[PDB]
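Okay, protein-v5.pdb is below, PDB, C-alpha atoms:
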ATOM      1  CA  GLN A   1      53.310 -35.637 -44.970
ATOM      2  CA  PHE A   2      53.303 -35.513 -48.784
ATOM      3  CA  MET A   3      56.851 -36.383 -49.748
ATOM      4  CA  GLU A   4      57.228 -40.089 -48.984
ATOM      5  CA  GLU A   5      54.330 -41.592 -50.946
ATOM      6  CA  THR A   6      55.934 -39.979 -53.988
ATOM      7  CA  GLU A   7      59.217 -41.755 -53.241
ATOM      8  CA  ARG A   8      57.142 -44.891 -52.708
ATOM      9  CA  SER A   9      55.418 -44.216 -56.044
ATOM     10  CA  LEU A  10      58.864 -44.046 -57.654
ATOM     11  CA  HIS A  11      59.883 -47.459 -56.351
ATOM     12  CA  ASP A  12      56.453 -48.897 -57.175
ATOM     13  CA  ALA A  13      56.910 -48.114 -60.869
ATOM     14  CA  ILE A  14      60.479 -49.397 -61.190
ATOM     15  CA  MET A  15      59.285 -52.659 -59.654
ATOM     16  CA  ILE A  16      56.255 -53.265 -61.868
ATOM     17  CA  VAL A  17      57.704 -51.266 -64.758
ATOM     18  CA  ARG A  18      60.605 -53.704 -64.737
ATOM     19  CA  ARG A  19      57.968 -56.312 -63.930
ATOM     20  CA  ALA A  20      56.203 -55.202 -67.102
ATOM     21  CA  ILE A  21      59.594 -56.105 -68.582
ATOM     22  CA  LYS A  22      60.130 -59.076 -66.263
ATOM     23  CA  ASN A  23      56.979 -60.887 -67.341
ATOM     24  CA  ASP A  24      56.099 -59.732 -70.835
ATOM     25  CA  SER A  25      52.699 -61.451 -70.520
ATOM     26  CA  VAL A  26      50.410 -59.082 -68.648
ATOM     27  CA  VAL A  27      46.763 -59.006 -67.598
ATOM     28  CA  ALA A  28      44.525 -56.048 -66.861
ATOM     29  CA  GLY A  29      45.004 -54.878 -63.284
ATOM     30  CA  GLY A  30      42.425 -53.974 -60.668
ATOM     31  CA  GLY A  31      41.039 -57.503 -60.335
ATOM     32  CA  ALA A  32      39.724 -57.344 -63.906
ATOM     33  CA  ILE A  33      40.252 -61.038 -64.677
ATOM     34  CA  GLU A  34      38.935 -62.469 -61.386
ATOM     35  CA  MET A  35      35.504 -61.047 -62.242
ATOM     36  CA  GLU A  36      34.710 -63.415 -65.116
ATOM     37  CA  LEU A  37      36.737 -66.075 -63.294
ATOM     38  CA  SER A  38      33.873 -66.024 -60.806
ATOM     39  CA  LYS A  39      31.478 -66.720 -63.688
ATOM     40  CA  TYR A  40      33.808 -69.266 -65.300
ATOM     41  CA  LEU A  41      33.781 -71.333 -62.120
ATOM     42  CA  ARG A  42      30.184 -70.501 -61.270
ATOM     43  CA  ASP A  43      29.780 -71.826 -64.767
ATOM     44  CA  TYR A  44      31.324 -74.997 -63.363
ATOM     45  CA  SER A  45      29.247 -74.461 -60.258
ATOM     46  CA  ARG A  46      26.512 -74.897 -62.813
ATOM     47  CA  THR A  47      28.372 -77.229 -65.100
ATOM     48  CA  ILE A  48      30.062 -80.265 -63.548
ATOM     49  CA  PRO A  49      28.959 -80.621 -59.979
ATOM     50  CA  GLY A  50      27.714 -83.778 -58.478
ATOM     51  CA  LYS A  51      28.161 -81.697 -55.345
ATOM     52  CA  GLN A  52      31.131 -79.378 -55.314
ATOM     53  CA  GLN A  53      29.374 -76.430 -56.965
ATOM     54  CA  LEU A  54      29.509 -75.396 -53.328
ATOM     55  CA  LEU A  55      33.294 -75.841 -53.481
ATOM     56  CA  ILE A  56      33.409 -74.306 -56.967
ATOM     57  CA  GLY A  57      31.241 -71.394 -55.885
ATOM     58  CA  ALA A  58      33.149 -70.988 -52.631
ATOM     59  CA  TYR A  59      36.355 -70.878 -54.656
ATOM     60  CA  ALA A  60      34.971 -68.442 -57.238
ATOM     61  CA  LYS A  61      33.741 -66.323 -54.325
ATOM     62  CA  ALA A  62      37.323 -65.725 -53.203
ATOM     63  CA  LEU A  63      38.235 -64.098 -56.513
ATOM     64  CA  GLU A  64      36.605 -60.657 -56.447
ATOM     65  CA  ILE A  65      37.118 -59.973 -52.727
ATOM     66  CA  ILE A  66      40.189 -57.846 -53.517
ATOM     67  CA  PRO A  67      38.559 -55.275 -55.857
ATOM     68  CA  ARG A  68      35.751 -55.424 -53.320
ATOM     69  CA  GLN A  69      38.436 -54.956 -50.689
ATOM     70  CA  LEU A  70      39.891 -52.197 -52.863
ATOM     71  CA  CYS A  71      36.879 -50.118 -53.901
ATOM     72  CA  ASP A  72      35.235 -50.459 -50.492
ATOM     73  CA  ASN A  73      38.321 -49.595 -48.443
TER      74      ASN A  73
ATOM     75  CA  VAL B   1      -4.199 -82.526 -65.358
ATOM     76  CA  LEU B   2      -7.379 -82.079 -67.363
ATOM     77  CA  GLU B   3      -8.633 -78.660 -66.283
ATOM     78  CA  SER B   4      -5.080 -77.331 -66.035
ATOM     79  CA  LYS B   5      -3.466 -78.427 -69.282
ATOM     80  CA  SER B   6      -0.471 -76.123 -69.036
ATOM     81  CA  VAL B   7       1.938 -77.679 -66.550
ATOM     82  CA  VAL B   8       5.668 -77.318 -65.997
ATOM     83  CA  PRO B   9       7.721 -80.527 -66.250
ATOM     84  CA  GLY B  10       9.607 -81.307 -63.053
ATOM     85  CA  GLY B  11       9.410 -79.810 -59.617
ATOM     86  CA  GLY B  12      13.133 -79.823 -58.927
ATOM     87  CA  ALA B  13      14.361 -79.465 -62.481
ATOM     88  CA  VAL B  14      12.406 -76.222 -62.626
ATOM     89  CA  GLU B  15      14.171 -75.346 -59.374
ATOM     90  CA  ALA B  16      17.861 -75.581 -60.258
ATOM     91  CA  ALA B  17      17.178 -74.140 -63.685
ATOM     92  CA  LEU B  18      15.587 -71.090 -62.117
ATOM     93  CA  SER B  19      18.747 -70.923 -60.025
ATOM     94  CA  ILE B  20      20.818 -70.674 -63.200
ATOM     95  CA  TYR B  21      18.110 -69.093 -65.364
ATOM     96  CA  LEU B  22      17.863 -66.365 -62.743
ATOM     97  CA  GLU B  23      21.609 -66.461 -62.064
ATOM     98  CA  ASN B  24      21.917 -65.656 -65.762
ATOM     99  CA  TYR B  25      19.118 -63.117 -65.337
ATOM    100  CA  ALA B  26      21.112 -61.928 -62.328
ATOM    101  CA  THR B  27      24.394 -62.091 -64.246
ATOM    102  CA  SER B  28      22.924 -59.807 -66.912
ATOM    103  CA  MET B  29      22.205 -57.044 -64.426
ATOM    104  CA  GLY B  30      24.927 -55.821 -62.107
ATOM    105  CA  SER B  31      24.641 -53.496 -59.114
ATOM    106  CA  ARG B  32      22.130 -54.629 -56.481
ATOM    107  CA  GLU B  33      19.845 -56.188 -59.092
ATOM    108  CA  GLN B  34      22.421 -58.873 -59.902
ATOM    109  CA  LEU B  35      22.321 -59.594 -56.186
ATOM    110  CA  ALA B  36      18.607 -58.789 -56.038
ATOM    111  CA  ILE B  37      18.096 -61.681 -58.431
ATOM    112  CA  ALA B  38      20.881 -63.869 -57.029
ATOM    113  CA  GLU B  39      19.756 -64.568 -53.467
ATOM    114  CA  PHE B  40      16.221 -64.909 -54.768
ATOM    115  CA  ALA B  41      17.580 -67.790 -56.848
ATOM    116  CA  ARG B  42      19.495 -68.785 -53.718
ATOM    117  CA  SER B  43      16.167 -69.205 -51.948
ATOM    118  CA  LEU B  44      15.198 -71.910 -54.447
ATOM    119  CA  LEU B  45      17.167 -75.148 -54.154
ATOM    120  CA  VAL B  46      16.075 -75.777 -50.554
ATOM    121  CA  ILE B  47      12.810 -77.006 -52.067
ATOM    122  CA  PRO B  48      14.409 -80.140 -53.578
ATOM    123  CA  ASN B  49      16.879 -80.033 -50.683
ATOM    124  CA  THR B  50      14.584 -80.741 -47.728
ATOM    125  CA  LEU B  51      13.209 -83.445 -50.035
ATOM    126  CA  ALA B  52      16.330 -85.629 -50.209
ATOM    127  CA  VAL B  53      17.240 -84.372 -46.753
ATOM    128  CA  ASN B  54      13.968 -85.897 -45.529
ATOM    129  CA  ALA B  55      14.797 -88.864 -47.768
ATOM    130  CA  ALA B  56      17.938 -89.432 -45.645
ATOM    131  CA  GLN B  57      19.923 -88.649 -48.793
ATOM    132  CA  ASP B  58      22.256 -85.868 -49.890
ATOM    133  CA  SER B  59      20.292 -83.135 -51.600
ATOM    134  CA  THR B  60      23.483 -81.224 -52.405
ATOM    135  CA  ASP B  61      24.601 -84.287 -54.325
ATOM    136  CA  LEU B  62      21.171 -84.410 -55.940
ATOM    137  CA  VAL B  63      20.537 -80.717 -56.537
ATOM    138  CA  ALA B  64      24.004 -80.042 -57.938
ATOM    139  CA  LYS B  65      23.248 -82.746 -60.509
ATOM    140  CA  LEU B  66      20.184 -80.888 -61.777
ATOM    141  CA  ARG B  67      22.380 -77.817 -61.562
ATOM    142  CA  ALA B  68      24.899 -79.913 -63.510
ATOM    143  CA  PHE B  69      22.081 -80.927 -65.890
ATOM    144  CA  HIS B  70      21.907 -78.217 -68.538
ATOM    145  CA  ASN B  71      23.543 -76.558 -71.442
ATOM    146  CA  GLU B  72      21.204 -73.662 -71.452
ATOM    147  CA  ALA B  73      18.205 -73.754 -69.161
ATOM    148  CA  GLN B  74      14.964 -75.746 -69.584
ATOM    149  CA  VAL B  75      13.326 -78.956 -68.268
ATOM    150  CA  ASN B  76      13.145 -81.823 -70.753
ATOM    151  CA  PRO B  77      14.026 -85.506 -70.890
ATOM    152  CA  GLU B  78      14.850 -84.813 -74.576
ATOM    153  CA  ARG B  79      18.273 -83.512 -73.718
ATOM    154  CA  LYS B  80      18.473 -84.509 -70.074
ATOM    155  CA  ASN B  81      22.137 -83.530 -70.198
ATOM    156  CA  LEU B  82      21.762 -80.217 -72.042
ATOM    157  CA  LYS B  83      18.722 -79.172 -69.991
ATOM    158  CA  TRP B  84      17.030 -80.043 -66.714
ATOM    159  CA  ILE B  85      14.910 -83.178 -66.444
ATOM    160  CA  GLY B  86      12.107 -83.971 -64.045
ATOM    161  CA  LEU B  87      12.572 -84.801 -60.372
ATOM    162  CA  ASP B  88      12.374 -87.748 -58.016
ATOM    163  CA  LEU B  89       9.653 -87.036 -55.485
ATOM    164  CA  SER B  90      11.084 -89.679 -53.140
ATOM    165  CA  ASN B  91      14.639 -88.480 -53.781
ATOM    166  CA  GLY B  92      15.201 -85.425 -55.898
ATOM    167  CA  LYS B  93      17.212 -87.393 -58.413
ATOM    168  CA  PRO B  94      15.964 -86.165 -61.806
ATOM    169  CA  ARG B  95      13.372 -88.495 -63.276
ATOM    170  CA  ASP B  96      12.547 -88.642 -66.944
ATOM    171  CA  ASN B  97       9.685 -86.180 -67.131
ATOM    172  CA  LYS B  98       7.284 -88.407 -69.052
ATOM    173  CA  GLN B  99       8.289 -91.632 -67.296
ATOM    174  CA  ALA B 100       8.888 -91.123 -63.582
ATOM    175  CA  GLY B 101       9.255 -87.380 -63.967
ATOM    176  CA  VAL B 102       7.438 -84.544 -62.240
ATOM    177  CA  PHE B 103       5.056 -82.074 -63.802
ATOM    178  CA  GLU B 104       3.628 -79.117 -61.949
ATOM    179  CA  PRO B 105       0.508 -77.147 -62.933
ATOM    180  CA  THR B 106       0.819 -73.553 -64.073
ATOM    181  CA  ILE B 107      -0.659 -71.790 -61.041
ATOM    182  CA  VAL B 108       1.015 -74.099 -58.504
ATOM    183  CA  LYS B 109       4.263 -72.168 -58.878
ATOM    184  CA  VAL B 110       3.379 -68.585 -59.856
ATOM    185  CA  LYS B 111       1.275 -68.655 -56.705
ATOM    186  CA  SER B 112       3.920 -70.429 -54.605
ATOM    187  CA  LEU B 113       6.497 -68.035 -56.051
ATOM    188  CA  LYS B 114       4.912 -64.724 -55.192
ATOM    189  CA  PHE B 115       3.524 -65.390 -51.715
ATOM    190  CA  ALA B 116       6.898 -66.225 -50.204
ATOM    191  CA  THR B 117       8.151 -63.094 -51.954
ATOM    192  CA  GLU B 118       5.035 -61.376 -50.606
ATOM    193  CA  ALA B 119       5.870 -62.705 -47.141
ATOM    194  CA  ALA B 120       9.514 -61.750 -47.645
ATOM    195  CA  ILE B 121       8.809 -58.065 -48.305
ATOM    196  CA  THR B 122       6.422 -58.140 -45.368
ATOM    197  CA  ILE B 123       8.607 -58.743 -42.288
ATOM    198  CA  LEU B 124      11.275 -56.751 -44.116
ATOM    199  CA  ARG B 125       9.158 -53.637 -43.541
ATOM    200  CA  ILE B 126       8.827 -54.114 -39.803
ATOM    201  CA  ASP B 127      11.511 -52.706 -37.538
ATOM    202  CA  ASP B 128       9.371 -51.766 -34.531
ATOM    203  CA  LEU B 129       7.497 -53.982 -32.082
ATOM    204  CA  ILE B 130       7.403 -51.012 -29.732
ATOM    205  CA  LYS B 131       5.123 -51.123 -26.684
ATOM    206  CA  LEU B 132       4.277 -49.003 -23.654
TER     207      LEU B 132
END

Starting from the file, lay out its structure as structure tokens.
Amino acid sequence: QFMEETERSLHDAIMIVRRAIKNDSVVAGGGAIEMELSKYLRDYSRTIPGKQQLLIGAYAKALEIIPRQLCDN
Amino acid sequence: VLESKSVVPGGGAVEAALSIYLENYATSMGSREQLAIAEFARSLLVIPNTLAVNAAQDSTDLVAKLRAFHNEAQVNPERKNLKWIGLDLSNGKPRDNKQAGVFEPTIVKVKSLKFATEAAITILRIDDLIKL
């Protein structure tokens, strides 16, 4: 049961290791950026809206679902 | 007015500010407390909402404007862009505080605030209607 996820771990690196090469420009993983991106738009949920702060908040809501999907799963 | 000198300008500009002002107060926290402030502030805007709703107008259009009216949070006509300003009691469109704008006395809110929160924690306690 153990062996394969290693072999998968090997191919995972070479992908994103080369992808660390592929795109030089890199952001912190684990949904790190999407967190403030919620604020940044919920800033605009504050900032601009005639209405769409709903839209802007609904959008910004979609950001952190993944680390929420990650930590909670 | 005269016996209660301390009053808060606006009834809906105080509302969408407290959304943000608490959202910020929420944003500072984390954990449950960031939520524990958030949906409290998400209990607010309905107050100007049912207003323009009952005015046959779009409160979301109106309340997001007050939400859009800010830099930091406060209610003044002074900077009506960079802060909140007043309210329209027939609409919910922010009115210049001193001119058409709302003012609310000090106790009007602190009392209106807590009781709903008092009522909120109340039902929250009750899971059992149990009978014979």

message: Using all atoms listed in the file, I'd like every residue of chain B that has an atom within 7 Å of chain A; please write them out as an MDAnalysis selection string.
response: chainID B and resid 60:61 64:65 67:68

Restricting the output to C-alpha atoms, write the selected residues as an mmCIF file, in the coordinates of the input.
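Written output follows (out_28.cif):
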data_model
loop_
_atom_site.group_PDB
_atom_site.id
_atom_site.type_symbol
_atom_site.label_atom_id
_atom_site.label_comp_id
_atom_site.auth_asym_id
_atom_site.auth_seq_id
_atom_site.Cartn_x
_atom_site.Cartn_y
_atom_site.Cartn_z
ATOM 1 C CA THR B 60 23.483 -81.224 -52.405
ATOM 2 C CA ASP B 61 24.601 -84.287 -54.325
ATOM 3 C CA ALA B 64 24.004 -80.042 -57.938
ATOM 4 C CA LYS B 65 23.248 -82.746 -60.509
ATOM 5 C CA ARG B 67 22.380 -77.817 -61.562
ATOM 6 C CA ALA B 68 24.899 -79.913 -63.510
#

From B:19, B:6, B:59, B:81, residue lying nearest residue B:42 [only C-alpha atoms]: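 Of B:19, B:6, B:59, B:81, the one nearest residue B:42, counting only C-alpha atoms, is B:19.
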
message: Residues near residue B:14, anyone? I mean within 12 Å using only C-alpha atoms, not counting same-chain ones fewer than 4 positions away, as a ChimeraX atom specification.
response: /B:7-10,18-22,41,44-45,47-48,63,66-67,69-70,73-76,83-87,92,94,97,101-106,109

query: Any idea what the distance is between atom CA of residue B:93 and atom CA of residue B:79?
result: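 Distance between the two atoms: 15.8 Å.
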
query: By how many Å are atom CA of residue B:113 and atom CA of residue B:17 apart?
result: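 Interatomic distance here is 14.5 Å.
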
query: Distance atom CA of residue A:16-atom CA of residue A:29, one decimal place?
result: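 Result for atom CA of residue A:16 versus atom CA of residue A:29: 11.5 Å, one decimal.
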
For stretch 65-70 of chain B, I'd like the enclosing box, axis-aligned and padded by 4 Å on every side, reported as lines of an AutoDock Vina configuration file with centre and edge lengths in Å to one decimal.
center_x = 22.5
center_y = -80.3
center_z = -64.5
size_x = 12.7
size_y = 12.9
size_z = 16.0

Residue A:32 surroundings by all atoms listed in the file, 12 Å radius, close-in-sequence under 6 positions cut, as a JSON list (two decimals) with C-alpha atoms, in the coordinates of the input:
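Saved to selection.json:
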[["chain", "number", "residue", "atom", "x", "y", "z"],
["A", 26, "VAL", "CA", 50.41, -59.08, -68.65],
["A", 38, "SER", "CA", 33.87, -66.02, -60.81],
["A", 63, "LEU", "CA", 38.24, -64.10, -56.51],
["A", 64, "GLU", "CA", 36.60, -60.66, -56.45],
["A", 65, "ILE", "CA", 37.12, -59.97, -52.73],
["A", 66, "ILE", "CA", 40.19, -57.85, -53.52],
["A", 67, "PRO", "CA", 38.56, -55.28, -55.86],
["A", 68, "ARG", "CA", 35.75, -55.42, -53.32]]

message: Measuring between only C-alpha atoms, which one of B:33, B:111, B:62, B:53 shows the shortest distance to residue B:88?
response: B:62

message: Counting only C-alpha atoms, which residue out of B:54, B:122, B:117, B:4 sits closest to residue B:40?
response: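 Closest residue, counting only C-alpha atoms: B:117.
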
message: Show me the residues around (34.2, -69.6, -56.7) - criterion: an atom at most 8 Å away, only C-alpha atoms counted - as a PyMOL selection string.
response: chain A and resi 37-38+41-42+45+55-63

Can I get the selection written as a JSON list (two decimals), in the frame of the given file, with C-alpha atoms?
[["chain", "number", "residue", "atom", "x", "y", "z"],
["A", 37, "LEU", "CA", 36.74, -66.08, -63.29],
["A", 38, "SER", "CA", 33.87, -66.02, -60.81],
["A", 41, "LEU", "CA", 33.78, -71.33, -62.12],
["A", 42, "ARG", "CA", 30.18, -70.50, -61.27],
["A", 45, "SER", "CA", 29.25, -74.46, -60.26],
["A", 55, "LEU", "CA", 33.29, -75.84, -53.48],
["A", 56, "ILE", "CA", 33.41, -74.31, -56.97],
["A", 57, "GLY", "CA", 31.24, -71.39, -55.88],
["A", 58, "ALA", "CA", 33.15, -70.99, -52.63],
["A", 59, "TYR", "CA", 36.35, -70.88, -54.66],
["A", 60, "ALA", "CA", 34.97, -68.44, -57.24],
["A", 61, "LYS", "CA", 33.74, -66.32, -54.32],
["A", 62, "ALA", "CA", 37.32, -65.72, -53.20],
["A", 63, "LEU", "CA", 38.24, -64.10, -56.51]]
